[PDB]
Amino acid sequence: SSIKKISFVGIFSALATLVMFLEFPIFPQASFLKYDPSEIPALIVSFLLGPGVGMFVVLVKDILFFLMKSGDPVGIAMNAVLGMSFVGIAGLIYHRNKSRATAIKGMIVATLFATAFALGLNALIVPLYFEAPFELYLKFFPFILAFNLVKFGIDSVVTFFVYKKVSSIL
């Protein structure tokens, strides 16, 4: 039944939006970087149903969060762009031969791409957002690499240990 999958997707974008209110800065200096575990639900959906569906969960969840927090379109756009890359790369790698090996490799390749991708965009957004010299991005660089690494690392480890316990329940 597709309605069982629509239910699953609709449920998991609702939890992805709720859990986002738990955001907090891991680094008090780079306080604009806030961690939230909202992509663990999307990565589960990506793994159990397809990369495109998991990315769709990230977009629905961030749209809903922006309407409730309209004060930050820049900081939600970057979360949306990175979350869909991370959960997209991981699911595409993994679905070519569903196993833990390509689940593990899917999340590592996705984590390192999203982090480099973050560094490239965080290189272009930080000076504009703070109306500051490129100096400041280089000052933020060690926090940016460390943060998007811990964020998508913990999201990978958590997802890895939970998402087949989720396939059993279905």
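Note that residue numbering follows the sequence shown and begins at 1.
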Comparing 26-34 with 54-62, the higher average Cα temperature factor in the PDB entry belongs to 26-34
Between 104, 44, 132, 112, let me know which has the highest C-alpha B-factor in the entry? 132
Select lowest, middle or highest to describe the third in which the CA B-factor of residue 162 falls within its chain in this entry. highest
Going by what the PDB entry lists, where does residue 156 fall on CA B-factor within its chain: lowest, middle or highest third? middle
Assigned third (lowest, middle, highest) for the C-alpha B factor of residue 149: middle
Sorting the chain's CA B-factors, does residue 116 end up in the lowest, middle or highest third? lowest
Could you tell me which third, lowest, middle or highest, the C-alpha B-factor of residue 49 occupies within its chain? highest
